[PDB]
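Form described as "R-state" in its entry title, single chain, as structure tokens, below.
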């Protein structure tokens, strides 16, 4: 037997670069092949990342090619073409598809038959596109979806209540983006519902809470305006998902998973808490949503479905 976990990373941007670094520091997988149009960056990054190895568990890190995905456990897609100013949502999707096909087809042709973890934006759309171009089962194609939005939502609630975010449990669902929403109904701190927390701590105005989600929804714009880009959050979420898969944990995580009736949706990948392990998506959690929240999910899905429909035609 050979216990050697190999990860292929497509896209060596700040997100990919950081993701890899997060993998190094936590000792996840024993090999990372970095694939990117800019061969020099990848080469210089593989060296810089390996410089760090003697302080953690060993790995083989190198500039790779799509064929190196032959025997990979995982393929992480991270650098979608950014939306130019004045470009339509549908055109952003279409320019990425041509690029996506150019990545998926040759990886699939290498023989690769592991799990696709998509982080490229628009993530939900490109997840479904990856599933469609790869042909892989619905549960072997995962998108980061609302994992970071959810983390940001939890850290925010944690700061307000001064509690370890790992004792805070709340989700952000729907399509990653403007049309996402908070699942306040099932949000809790140590099992104590937010509602219950508020009705015991009246100092928490319903305004602060409403603004709190608004801020998570716009978190990326704020950070980009400040430091020019965002990457630590998504890189950390990506390593978390990788760990859950590679360590076969059956952990519940907000991810973009194929819809088959849940929430009253069908044939689209959208953000929802799900059980993931070595074989990809197992159980797709379906939180009994509030009428208002179900509407928010419906609206989010619908908008995404229309774009998706127009996209493939």
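Rigid core: the largest C-alpha set superposing within 1.5 Å between the two forms. Residue numbers count along the first chain shown, from 1.
The stretch with the higher mean CA B factor, choosing between 266-274 and 283-291, is 283-291.
Of the two segments examined, 218-226 and 198-206, it is 198-206 that shows the higher average Cα temperature factor in the deposited entry. You'll see in the entry that, of 145, 233, 177, 135, the Cα B factor peaks at 135. The entry assigns its greatest Cα B factor, within the set 65, 48, 249, 40, to 40.
Residue 118: CA B factor in the lowest third of modelled residues in this chain (values from the PDB entry). The deposited CA B-factor of residue 159 belongs to the middle third of values across its chain. Residue 243 sits in the lowest third of its chain by CA B factor, as recorded in the PDB entry. The PDB entry assigns residue 79 a C-alpha temperature factor belonging to the highest third of its chain's modelled residues. The deposited CA B-factor of residue 169 belongs to the middle third of values across its chain.
Another form, the form described as "T-state" in its entry title, is not on view; read the next lines as being about it.
With the core held fixed by superposition, the comparison between this form and the one not shown singles out 163 as the only member of 90, 81, 163, 195 whose CA moves by at least 2 angstroms.
Once the rigid core is overlaid between this form and the one not shown, residue 228 counts among the residues whose Cα shifts by 2 Å or more.
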